[PDB]
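In: how would this look folded up:
(8 chains, ligands or ions: 28)
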Amino acid sequence: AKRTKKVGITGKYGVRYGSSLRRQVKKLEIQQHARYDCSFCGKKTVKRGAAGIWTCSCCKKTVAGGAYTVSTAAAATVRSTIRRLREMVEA
Amino acid sequence: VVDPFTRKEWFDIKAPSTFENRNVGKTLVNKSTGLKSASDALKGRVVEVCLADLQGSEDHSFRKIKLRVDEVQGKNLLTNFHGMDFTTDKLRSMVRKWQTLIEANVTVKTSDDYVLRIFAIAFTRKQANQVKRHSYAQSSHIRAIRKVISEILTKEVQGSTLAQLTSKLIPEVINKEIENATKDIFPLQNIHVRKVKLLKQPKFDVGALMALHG
Amino acid sequence: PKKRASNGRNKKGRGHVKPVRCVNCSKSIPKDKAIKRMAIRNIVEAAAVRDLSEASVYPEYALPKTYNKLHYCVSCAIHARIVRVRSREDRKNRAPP
Amino acid sequence: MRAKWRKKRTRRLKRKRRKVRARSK
Amino acid sequence: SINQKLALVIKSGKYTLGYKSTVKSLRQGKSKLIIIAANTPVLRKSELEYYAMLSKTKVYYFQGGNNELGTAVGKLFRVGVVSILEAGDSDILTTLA
Amino acid sequence: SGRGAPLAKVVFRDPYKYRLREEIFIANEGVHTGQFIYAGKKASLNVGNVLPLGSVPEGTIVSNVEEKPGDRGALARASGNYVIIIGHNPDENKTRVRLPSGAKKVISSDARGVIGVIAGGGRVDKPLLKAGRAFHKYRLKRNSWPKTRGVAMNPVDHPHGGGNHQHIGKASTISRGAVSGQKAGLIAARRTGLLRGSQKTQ
Amino acid sequence: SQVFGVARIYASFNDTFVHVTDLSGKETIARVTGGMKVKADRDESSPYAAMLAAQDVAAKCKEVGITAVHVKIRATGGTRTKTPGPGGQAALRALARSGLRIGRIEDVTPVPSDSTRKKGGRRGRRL
RNA sequence: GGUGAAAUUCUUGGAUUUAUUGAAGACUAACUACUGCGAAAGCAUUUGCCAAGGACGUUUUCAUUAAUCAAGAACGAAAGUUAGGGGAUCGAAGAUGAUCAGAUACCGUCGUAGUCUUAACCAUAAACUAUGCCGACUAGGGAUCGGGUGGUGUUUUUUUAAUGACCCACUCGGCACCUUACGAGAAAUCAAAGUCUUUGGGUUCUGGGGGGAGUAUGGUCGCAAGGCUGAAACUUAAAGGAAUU
Ligand SMILES: [Mg+2]
Ligand SMILES: [Mg+2]
Ligand SMILES: [Mg+2]
Ligand SMILES: [Mg+2]
Ligand SMILES: [Mg+2]
Ligand SMILES: [Mg+2]
Ligand SMILES: [Mg+2]
Ligand SMILES: [Mg+2]
Ligand SMILES: [Mg+2]
Ligand SMILES: [Mg+2]
Ligand SMILES: [Mg+2]
Ligand SMILES: [Mg+2]
Ligand SMILES: [Mg+2]
Ligand SMILES: [Mg+2]
Ligand SMILES: [Mg+2]
Ligand SMILES: [Mg+2]
Ligand SMILES: [Mg+2]
Ligand SMILES: [Mg+2]
Ligand SMILES: [Mg+2]
Ligand SMILES: [Mg+2]
Ligand SMILES: [Mg+2]
Ligand SMILES: [Mg+2]
Ligand SMILES: [Mg+2]
Ligand SMILES: [Mg+2]
Ligand SMILES: [Mg+2]
Ligand SMILES: [Mg+2]
Ligand SMILES: [Zn+2]
Ligand SMILES: [Zn+2]
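Out: Residues are numbered from 1 along each chain as shown, chains lettered A, B, ... in the order given. Ligands and ions are numbered 1, 2, ... in the order given. See below for the structure:
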């Protein structure tokens, strides 16, 4: 039974702060509570707490990542750049 | 009341081994004044002379060569290889309507670890009985020819020290090996390497440079 | 009413073709609709040819020309270049000469 | 007047009556 | 493909999924080939690799996580390692693998 | 606490005494528990390792870089920041980098950095939404919140104070040569007003 | 036989540029151009101007030492008319006619794999 | 430097030019055509990967499963909007130099958004062939794209083939042109706009003088701009189309 038409988690804020502020939050809020896939163990159990810190339910591995998401776009490009330049200095 | 003409020194340019003539021309630099003398600041230059002037015959009217200048001694600055191009007009004259163009290229190294990228152009040809006025290829012909051109070009390079690649290009050896493997696919008149650029060279090695000198 | 079966130039079965920028006024114009002329002309001219091979090394040696395409924007192609007008049934004829 | 400029004309004219009517919603 | 043949082995031969059983299968000399998922932690890979050569069993490093290998063996759960006990009409035992 | 970015506790062996020695790094995004970190001139070019800016090709992306060798890390430490190597002068062994502010410094090639970016990035994208969130923020940094505006104070209190309406009264661009009790407003401001046009230094 | 050099005539419209350099390029000599020999700002490119500047050109060209020179003619190019200006055909003439020698000239008009939208908007420079 | 001609501008800061080299983003020149493909928008550098498609070949298979479609839905140029990135180029806005009686423009300088990209919206273009889809029939011609069949056709030589490209005849299915016109039309023209007063193959949609007006109003979608749906009172003898002079 569809409870809200657009606020979603952001319904906690009731009417306050103005629609465009809550939209911006709802986005990062959904980003920051969600269960993510563990690159190490496979299962989808990387949750957050303390922006930047992402740890896995079982196998208990903790990955530094983005403030509200596990891999921030920039970090991911920086990876491939570091890949790129590394392989430049093996051959 | 200066006229640096009364001031500049002169110099004469010498070409490398694998050509006909080595005497190129002259140049102006400066007085070899200590603290920015006429040696270290410049002469790491190039010269664009058509190899038909560097070989002599006119079956070489196109095909410009760049000669980078690397070492200097006693009014005599020997040069090495830096690149090769085509005259604008030649290309402009090969590209005619009613026919397919085909270009391919590859980056590749050598023993003497000069990395480079060679090019390759080729146009279709009409069979000499052909009635239909345009004679295009099949875009799978086109992909195959590039594969073979890319098959053939990768072997010539990394075949020993572009100075031999020099000795490989000057007599147009590559051009026919292309056309030979090609004839099974499409006619392809007007095949040339058409270009090669130089992008990374290894450490100076004053020894090997004087291999083409005397 | 309509006054050209081609509506303009050379496009049936396609829907959209990329434009070109006029060589005189830089107006955009679809390539299928853009009056074109190959510019082939020597470097030297009617008179400088004799003056060329006179004070020159390499006997006459090539005389290589310059080659390029031109793209006109009917507005420009009419102002100077090759149409000027054709009559009703003169319009149809696509013989170059 | 050019058809499209008369389109823009009445576009604005609507946005003003749209606006004016809202003083009273 | 390498999946293509695994998929055959799944449908015509015998196998076992998981870590405890492939070792029971390595100790009994039964495994003809074990397949190790990319993300399987090294220590397990090491131990399987050690158990392998003691059994003189060949090892194929599946380029892929356990989530994918479970798909390749046609299962809806994740699998970290596989043990081919008998290859069916497939040829993985005697191909480039 | 009071930090944008997570830290990374990284234990090494004491080459000179039998003991462990724990260091506190700023976690570079992507590093993880149980990872091996490599710190040294002759170390390899992976996210997490610490390498002297001379030993990395240009285009490299390093964080927590020292301004003089061995000062144990000054530049690019806030959540999401880094510096980019943009060239080397092997003789004099300098290295040119671009800091997060856009300014381009040139420091020793023996200055050390750690390959990657700092974790916790994008934190400032989320609105605070309310005083309390700000409150708890500054509750853990310093007593800098909330801010009364000098323009709502009496003249005893501020260069901007007083008047019968609230108004700054004189140019709020104060000069460098100003003196304590004078510098409030836009100190040394060489331009002012809404920044039209694109930013991002050439 | 002679002593070589490069001419590199850039003859756009509204000016023409003739200047000789070493066959290597890094060292230039004797530049004076077509806007240098008239003062009308509408005759800054006319052949009659590039001529008088070709005369001054070859002067230092021999007063320094070049008895022969190859030319590399060139228009504006890039995203422009791609076509030779009027004061190029005058200049080449009035520099070979100055007792200089000519060998193996070509064109160096920059021509792109088209891009970088031309100036003046999709409707054209309408005048 | 730029232009009809000028001027605003750039120049001890060595401009413009030259040379060697580097960085950024965008674009894909010449080849390019009465050339291909996609439902349309639209699609033009290489290579790898991913699934997709028509035509064709067919003594395979299923056997009426189909045609066209209110509601509903996928996609949908450019611009424009939200949030990041990007921001070379050209460039609404604005500011200028000129021109002008004036000149808020045309021309020149600067140049904000924009132009590119990711996630999301927006759903409109002369989105055009101003021409619905399926089926049948009605008339000649020479080019071409794809597929196929026929060959003591040419060309490649190696030792002759095989190949590949080329030539000739035919046959499907494409994009188009030519010439006629039985026929059609108000004509311009049209192998469909033909096979209609000798008026019926199936089906979807829209129009009913011109203004008023795609306006008012309600409903609905949209962050917005705006999209869809959409009247009337009143006014008016023309408005319009094609061809001739
Ligand atoms: Mg008309
Ligand atoms: Mg068109
Ligand atoms: Mg269209
Ligand atoms: Mg009110
Ligand atoms: Mg306080
Ligand atoms: Mg306050
Ligand atoms: Mg304040
Ligand atoms: Mg007060
Ligand atoms: Mg004061
Ligand atoms: Mg005071
Ligand atoms: Mg006050
Ligand atoms: Mg105030
Ligand atoms: Mg401009
Ligand atoms: Mg006009
Ligand atoms: Mg191209
Ligand atoms: Mg309904
Ligand atoms: Mg911009
Ligand atoms: Mg204005
Ligand atoms: Mg004005
Ligand atoms: Mg205005
Ligand atoms: Mg419409
Ligand atoms: Mg149209
Ligand atoms: Mg039609
Ligand atoms: Mg056949
Ligand atoms: Mg027919
Ligand atoms: Mg609403
Ligand atoms: Zn895990
Ligand atoms: Zn034009």
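In: now the residue of chain F most remote from its centre: how far from chain G?
Out: When each C-alpha in chain F is compared with the mean C-alpha position (Cα atoms, centre = their mean), residue F:164 comes out farthest, at 41.6 Å. The gap separating residue F:164 from chain G is 54 Å, by Cβ to the nearest Cβ, to the nearest Å. For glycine as for every other residue, the C-beta is placed from the backbone atoms N, C-alpha and C.
In: what's the answer for residue E:12, then?
Out: 56 Å.
In: Kindly report the same for residue E:31.
Out: Counting by Cβ to the nearest Cβ, the gap from residue E:31 to chain G is 58 Å.
In: Whichever residue of chain E sits closest to ligand 11: what's it in contact with?
Out: The minimum distance from chain E to ligand 11, using Cβ to the ion, falls at residue E:39 (65.9 Å). By Cβ atoms under 8 Å, 6 or more residues apart in numbering or on different chains, residue E:39 lies in contact with A:39-42, E:65-66.
In: hmm, try it at 7 Å
Out: Neighbour list for residue E:39: A:40, A:42, E:65-66 [criterion: Cβ atoms under 7 Å, 6 or more residues apart in numbering or on different chains].
In: How about residue B:68?
Out: B:46, B:79-80, B:82.
In: change it to 8 Å
Out: B:44-46, B:79-82.
In: any chance of these in JSON lines, plus neighbour count?
Out: Shown next, in JSON lines, are those (neighbours: other Cβ atoms under 10 Å in any protein chain shown):
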{"residue": "B:44", "neighbour count": "13"}
{"residue": "B:45", "neighbour count": "21"}
{"residue": "B:46", "neighbour count": "18"}
{"residue": "B:79", "neighbour count": "25"}
{"residue": "B:80", "neighbour count": "22"}
{"residue": "B:81", "neighbour count": "22"}
{"residue": "B:82", "neighbour count": "18"}
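In: For the strand or helix carrying residue E:9, which outside residues touch it?
Out: Per DSSP states H and E, residue E:9 falls inside helix E:2-12. Helix E:2-12 has contacts (Cβ under 8 Å, 6+ apart) with E:15, E:35, E:60, E:62, E:72-74, E:82, E:84, E:87-92, E:95, E:97.
In: which residues in chain G form helices?
Out: Along chain G, the stretches classed as helices by DSSP state H are G:47-64, G:89-96.
In: follow-up on the earlier one: distance check, the residue farthest from the centre of chain F against ligand 27.
Out: 66 Å (Cβ to the ion, to the nearest Å).
In: Pick out the residue of chain A closest to chain C.
Out: Going by Cβ to the nearest Cβ, chain C is nearest to residue A:77 of chain A, at 31.5 Å.
In: coming back round to it: could you list the buried residues of the helix holding residue E:9?
Out: E:2, E:5-6, E:8-10 (16 or more other Cβ atoms under 10 Å in any protein chain shown).
In: of all the residues you listed, which two lie farthest apart?
Out: Spatial extent of these (Cβ to Cβ) is set by the pair E:2 and E:10 at 12.7 Å.
In: elements contacting the helix or strand harbouring residue A:81?
Out: Residue A:81 is part of helix A:73-88 when elements are defined by DSSP H and E. Here helix A:73-88 touches strand F:61-63, going by 3 or more Cβ pairs under 8 Å, 6 or more residues apart in numbering or on different chains; DSSP states H and E.
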